[PDB]
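Visitor: Can you keep this structure in mind? I'll have questions shortly.
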Amino acid sequence: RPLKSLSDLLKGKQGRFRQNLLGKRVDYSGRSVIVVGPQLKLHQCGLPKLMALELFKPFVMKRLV
Amino acid sequence: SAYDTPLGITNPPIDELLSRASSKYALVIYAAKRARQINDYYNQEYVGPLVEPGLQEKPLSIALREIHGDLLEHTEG
């Protein structure tokens with residue numbers, strides 16, 4: 001396998017501009033499979049209580065103190 | 001005239017708020033700048049809240065209802 005040169009850091013899809021600079025993973029985020037929400041209002045979304053907990057973990061930690 | 005009672009985030013209506021500023025982006029800064037103001041006051045720019053706040057109202061929501069009632073200017077630089 002050819003060695004990764006300095007140029008290989010910048011250039012590819014793993015090149016910094018695509019893999020890190022413009023696109024990068026973030027905190028305070030989650031994902032899961034979606035199910036239909038027919039009883040929801042257009043401005044509402046169903047959030048699994050466990051997911052909402054970890055996402056808001058510092059917030060609930062603050063008010064519970 | 002009646003649309004209906006709005007629920008939570010959709011109150012106040014965006015249309016009645018857009019009449020208070022130039023653009024939607026201006027409206028964003030408006031409530032944002034004022035939202036930080038109110039929170040600074042809770043842990044002492046320090047003024048307000050001008051409207052009677054329901055307990056635990058996110059200072060962003062309070063700042064929105066303030067803009068609804070014309071309670072603040074609202075100068076663009």
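Please note that chains go A, B, ... in the order of the structure tokens, that every chain numbers its residues from 1, and that ligands are numbered from 1 in the order shown.
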Distance table requested - chain A against chain B, cut-off 12 Å, only C-alpha atoms: one row per qualifying residue with the closest atom pair and its distance in Å to one decimal, ordered by chain and rising residue number, as a tab-separated table.

Guide:
residue	atom	partner	partner_atom	distance
A:40	CA	B:7	CA	11.9
A:41	CA	B:7	CA	9.2
A:42	CA	B:10	CA	9.8
A:43	CA	B:10	CA	7.3
A:44	CA	B:9	CA	9.1
A:63	CA	B:56	CA	10.6

Visitor: Might you pull out every residue within 12 Å of residue 34 in chain A, with only C-alpha atoms counted and same-chain residues fewer than 4 positions away left off, and present them as a compact mmCIF listing (two decimals) with N, CA, C and O atoms, in the first residue's frame?

Guide:
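out.txt was written with the following content:
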# COMPACT_ATOMS: atom_id res chain seq x y z
N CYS A 45 -42.09 17.07 17.10
CA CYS A 45 -41.41 15.84 16.71
C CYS A 45 -41.26 14.96 17.94
O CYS A 45 -40.99 15.45 19.04
N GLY A 46 -41.42 13.65 17.75
CA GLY A 46 -41.27 12.70 18.83
C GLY A 46 -39.82 12.36 19.11
O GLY A 46 -39.10 11.89 18.23
N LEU A 47 -39.38 12.58 20.35
CA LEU A 47 -38.00 12.37 20.74
C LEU A 47 -37.92 11.26 21.78
O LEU A 47 -38.52 11.40 22.86
N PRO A 48 -37.22 10.16 21.52
CA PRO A 48 -37.06 9.13 22.54
C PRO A 48 -36.53 9.71 23.84
O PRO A 48 -35.55 10.46 23.85

Visitor: I'd like the contact shell of residue 24 in chain B - 10 Å cut-off, only C-alpha atoms, skipping same-chain residues fewer than 6 positions apart - returned as a ChimeraX atom specification.

Guide: /B:14-15,17-18,30

Visitor: When you look at range 23-29 of chain A with a cut-off of 8 Å (counting only C-alpha atoms), what residues show up, excluding the ones that are within fewer than 6 positions of it in the same chain? I need them as a list in words.

Guide: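 Once the adjacent positions are removed, what remains is residues 17, 55 and 56 of chain A.
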
Visitor: Excluding residue 51 in chain A and residues on its chain fewer than 6 positions from it, collect all residues at most 12 Å away from it, counting only C-alpha atoms, and give them as a ChimeraX atom specification.

Guide: /A:28-33,57

Visitor: Just the selected residues (C-alpha atoms), exported as an mmCIF file, in the first residue's frame, please.

Guide:
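Once written, again.cif looks like this:
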data_model
loop_
_atom_site.group_PDB
_atom_site.id
_atom_site.type_symbol
_atom_site.label_atom_id
_atom_site.label_comp_id
_atom_site.auth_asym_id
_atom_site.auth_seq_id
_atom_site.Cartn_x
_atom_site.Cartn_y
_atom_site.Cartn_z
ATOM 1 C CA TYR A 28 -25.008 17.394 21.300
ATOM 2 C CA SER A 29 -26.348 15.196 18.520
ATOM 3 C CA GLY A 30 -27.940 11.806 18.021
ATOM 4 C CA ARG A 31 -29.832 9.637 15.581
ATOM 5 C CA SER A 32 -32.276 6.737 15.424
ATOM 6 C CA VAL A 33 -34.868 5.147 13.167
ATOM 7 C CA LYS A 57 -27.700 15.960 29.932
#

Visitor: Using DSSP on the backbone, list every residue of range 2-77 of chain B that comes out as helix (DSSP H, G or I), and give them as an MDAnalysis selection string.

Guide: chainID B and resid 8:10 14:18 24:42 59:68

Visitor: I'd like the contact shell of residue 52 in chain B - 10 Å cut-off, only C-alpha atoms, skipping same-chain residues fewer than 2 positions apart - returned as a compact mmCIF listing (two decimals) with N, CA and C atoms, in the first residue's frame.

Guide:
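Result file follows (part-v3.txt):
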# COMPACT_ATOMS: atom_id res chain seq x y z
N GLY B 48 -35.32 44.61 32.18
CA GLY B 48 -36.42 43.69 32.01
C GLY B 48 -36.42 42.58 33.04
N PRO B 49 -37.28 41.57 32.83
CA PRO B 49 -38.21 41.45 31.71
C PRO B 49 -39.35 42.46 31.77
N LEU B 50 -39.69 43.05 30.62
CA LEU B 50 -40.72 44.08 30.59
C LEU B 50 -42.12 43.47 30.68
N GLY B 54 -44.11 34.24 32.57
CA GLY B 54 -44.48 32.98 33.17
C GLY B 54 -43.24 32.22 33.61
N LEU B 55 -43.35 31.54 34.75
CA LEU B 55 -42.19 30.87 35.34
C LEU B 55 -41.51 29.96 34.32
N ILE B 62 -39.37 34.98 26.10
CA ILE B 62 -39.76 36.27 26.66
C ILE B 62 -39.40 37.40 25.71
N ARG B 65 -42.02 37.67 22.87
CA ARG B 65 -43.26 38.34 23.25
C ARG B 65 -43.04 39.83 23.47
N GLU B 66 -41.83 40.22 23.90
CA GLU B 66 -41.51 41.64 23.99
C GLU B 66 -41.58 42.31 22.62

Visitor: CA of residue 26 in chain B and CA of residue 45 in chain B are how many Å apart?

Guide: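 Taking CA of residue 26 in chain B as the start and CA of residue 45 in chain B as the end point, the length is 19.4 Å.
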